[PDB]
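K.L.:
return atomic coordinates for the entry below.
(chains A and B)
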Amino acid sequence: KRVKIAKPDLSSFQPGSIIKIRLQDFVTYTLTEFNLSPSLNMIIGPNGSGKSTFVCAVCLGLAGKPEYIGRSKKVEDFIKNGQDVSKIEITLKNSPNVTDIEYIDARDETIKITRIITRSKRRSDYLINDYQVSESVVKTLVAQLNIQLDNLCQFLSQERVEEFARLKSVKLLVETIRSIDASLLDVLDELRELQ
Amino acid sequence: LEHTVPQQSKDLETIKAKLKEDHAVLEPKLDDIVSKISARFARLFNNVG
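P.N.:
Numbers count the residues shown, from 1 in each chain, chains lettered A, B, ... in the order given. I have put the structure below:
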């Protein structure tokens, strides 16, 4: 009979994972589809062949901006040369622990985020369930998912790799105190000054 | 100064007790977190030998 692709069932995949990614109108890849394993993802390609561009587009899709990843901002690179719009779509598991969502119920297990980049228009516009929304809603959705772009632990880039290469003990203390609540250290320091 | 001595002597006990209570509340949580991160670091570096 007709060949059928594997069902992208979000229930089987762990919450917060991505099953299928659609990349439309990008450098050397006008239409591409990508699948990610639930346990770990391995991508093999030379640098500058668009694999790094694909990863950067995926990062930009989840409320990501090039200047917020500690790297140079090149919006034009993502856009296909001669195509007006470049589209990146990310599908994620949805659980009833995140607020400020559009067209998606709490019981629904799918949160689809689409980023379109065009040269003519300069604004941050994202799509939830193919409905236009401001970047603030996606950014707060990412913040409520306990995933941070600015923090070096969740996302690591070449500049972040260089920063981590020379790391002082004070930086490790700051990271440890920021991962846990930092109020306790401040209270202990105030008590030490009182002593 | 004899009247001033008890007022200062009363202090350094409540302040130390509050510092000891804060240290006693804070210490086990950081200790377990440090023990867990050290155990994860050792188990990850066991592959490195």
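
K.L.:
in chain B, which spans are helices?
P.N.:
For chain B, the helices defined by DSSP state H occupy B:4-10, B:14-48.

K.L.:
most packed of these?
P.N.:
helix B:14-48 (a mean of 11; mean count of other CB atoms under 10 Å in any protein chain shown). For every residue, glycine as well, the C-beta is placed using N, CA and C.

K.L.:
for the helices of chain B, which one sits closest to residue A:144?
P.N.:
helix B:14-48 (24.1 Å; CB to CB).

K.L.:
how far off centre is that closest one?
P.N.:
Its chain's average C-alpha position is 9 Å from that of helix B:14-48, according to CA atoms, centre = their mean, to the nearest Å.

K.L.:
right, and residue A:27 touches residue A:54 too?
P.N.:
No - applying CB atoms under 8 Å as the test, residue A:27 and residue A:54 come out as separate, 9.4 Å apart.

K.L.:
among the helices of chain B, which is nearest residue A:20?
P.N.:
helix B:14-48 (31.3 Å).

K.L.:
for the closest one, name the packing helices and strands.
P.N.:
helix A:183-194 (3 or more CB pairs under 8 Å, 6 or more residues apart in numbering or on different chains; DSSP states H and E).

K.L.:
from residue A:50, how far off is residue A:145?
P.N.:
As judged by CB to CB, to the nearest Å, residue A:145 and residue A:50 stand 27 Å apart.

K.L.:
do residue B:2 as well
P.N.:
Separation of residue B:2 from residue A:50 (CB to CB) stands at 84 Å.

K.L.:
give the contact list for the nearest residue to residue B:23 once chain neighbours are set aside.
P.N.:
Nearest residue to residue B:23 in three dimensions, chain neighbours excluded: residue A:188, at 7.3 Å (CB to CB, 6 or more residues apart in numbering or on different chains). Taking CB atoms under 8 Å, 6 or more residues apart in numbering or on different chains, we find residue A:188 in contact with B:22, B:23, B:26.

K.L.:
name all residues that make contact with the first one.
P.N.:
With CB under 8 Å, 6+ apart as the criterion, the residues that contact residue B:22 are A:187, A:188, A:191.

K.L.:
ok, now how distant is it from residue A:165?
P.N.:
Residue B:22 is 36 Å from residue A:165, by CB to CB.

K.L.:
and whichever residue of chain A sits closest to chain B, what does it touch?
P.N.:
As assessed by CB to the nearest CB, chain B sits closest to residue A:191 within chain A, at 4.8 Å. Residue A:191 makes contacts with B:15, B:18, B:19, B:22, as judged by CB under 8 Å, 6+ apart.

K.L.:
now the closest residue to chain A within chain B: closest residue in space that isn't a chain neighbour?
P.N.:
Nearest residue of chain B to chain A, counting by CB to the nearest CB: residue B:19, 4.8 Å away. Spatial nearest neighbour of residue B:19, excluding adjacent residues (CB to CB, 6+ apart): residue A:191 at 4.8 Å.

K.L.:
how about residue A:150?
P.N.:
Of all residues not flanking residue A:150 in the chain, residue A:68 sits nearest, at 6.0 Å (CB to CB, 6+ apart).

K.L.:
can I take it that the one you found is in a strand?
P.N.:
No - with DSSP: H, G, I helix; E, B strand; the rest coil as the criterion, residue A:68 is helix rather than part of a strand.

K.L.:
that one: neighbour count?
P.N.:
Counted by other CB atoms under 10 Å in any protein chain shown, the residues lying close to residue A:68 total 15.
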